[PDB]
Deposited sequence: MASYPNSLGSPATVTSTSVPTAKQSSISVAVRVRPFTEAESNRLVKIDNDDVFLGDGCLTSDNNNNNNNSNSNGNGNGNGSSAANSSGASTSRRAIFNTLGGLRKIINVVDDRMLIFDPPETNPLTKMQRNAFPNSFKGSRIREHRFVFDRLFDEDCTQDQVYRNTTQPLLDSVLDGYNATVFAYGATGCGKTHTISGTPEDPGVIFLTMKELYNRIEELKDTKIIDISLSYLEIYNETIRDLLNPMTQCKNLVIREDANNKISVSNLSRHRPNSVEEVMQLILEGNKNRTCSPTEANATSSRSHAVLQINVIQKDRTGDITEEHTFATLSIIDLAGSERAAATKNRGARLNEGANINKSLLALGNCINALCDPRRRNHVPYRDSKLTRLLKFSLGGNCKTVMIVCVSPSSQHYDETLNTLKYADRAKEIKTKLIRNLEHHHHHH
């Protein structure tokens, strides 16, 4: 049960000033776009006579708002999370296409993490009469199959081990957890943590395109009007700003393994043989992908014709997150 959305980042000012470029995607409606689309002036098309069609669960064009992306991706998940089920939201795509803008955003235009925390704080506050709710978050990096605490950068990578604990809960040893008293501090914590991500080998103040950033929100709740019990619910909402998708084995082991696991989940014959074990990222999300965990991937693409190749790749990647139409072969 994997949901795929596409978000086309807007042009920059120079990009729009060179329109030599041309818009390589036409967002027809809320569910279908056209890649490499035909030429929109009837006369000009007639002169040219002298494309790929894509349907996804939800489309966001250059001018969509952060609130529009949030309400149509992760807000519908919150109920699951408060009912005790895990939920997961990815930002996939090539570097420069708006992954970090969508997940983290800016203090002026906050992204999915921020708005998720805002709505969750409100929800906690409304159901305070009947529920005891503990809300906490952590924010880690997977780079070159090494785990770093983006909110406690002084803990040694070897001390951050993925543990499958009791029940069916994946955890990370010695990973710090934080209870921001407010939304302002949620954003502060996002920004500091992003500042802690691995630098690009090239220039500076440049997060490496190979950095996975995994935010995790742990929601635990318990009945307040019953008697003293051990019944609780405990769910994890994972919001991931993935490494860049553009073209040692451990550099992009996690990205490739996420791809392979999505393949397996979309194929009914191998959906029970998902290779979560093949990387840090997929191991961390062993109980945070399959049908059980509501999973939505936000594919982020560039409208610029300059990015034809990568964008097409990305779209085709999104296109193969669709369930395979198998046949019930007999004998």
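Missing from the model, relative to the deposited sequence, are the stretches 1-25, 45-101, 133-143, 341-353, 438-445.
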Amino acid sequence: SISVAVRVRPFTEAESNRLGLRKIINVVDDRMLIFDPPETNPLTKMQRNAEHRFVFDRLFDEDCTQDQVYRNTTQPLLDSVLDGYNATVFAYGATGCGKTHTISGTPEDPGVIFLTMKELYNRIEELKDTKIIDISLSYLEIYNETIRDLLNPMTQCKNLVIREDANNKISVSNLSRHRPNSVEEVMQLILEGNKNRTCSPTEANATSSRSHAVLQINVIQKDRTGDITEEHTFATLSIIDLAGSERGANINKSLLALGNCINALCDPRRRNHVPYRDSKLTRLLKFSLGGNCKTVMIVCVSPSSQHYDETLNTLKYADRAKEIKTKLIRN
From here on, numbers count along this sequence of modelled residues.
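The deposited model assigns a higher average Cα B-factor to 52-60 than to the other stretch when 52-60 and 277-285 are compared.
The PDB entry records a higher mean C-alpha B factor for 124-132 than for its counterpart among 110-118 and 124-132. Set against one another, the Cα B-factors of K222, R210, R177, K253 in the record reach their highest point at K222. Of all the options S245, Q75, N196, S182, the entry's greatest CA B-factor is assigned to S182. Per the PDB record, residue ranking by Cα B-factor puts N272 in the highest third of the chain. Sorting the modelled residues of the chain by their CA temperature factor places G98 in the lowest third. Sort the chain's modelled residues by C-alpha temperature factor and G259 lands in the lowest third, per the entry. When the modelled residues of the chain are ordered by C-alpha B-factor, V299 sits in the lowest third. When all modelled residues of the chain are sorted by CA temperature factor, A206 is found within the highest third.
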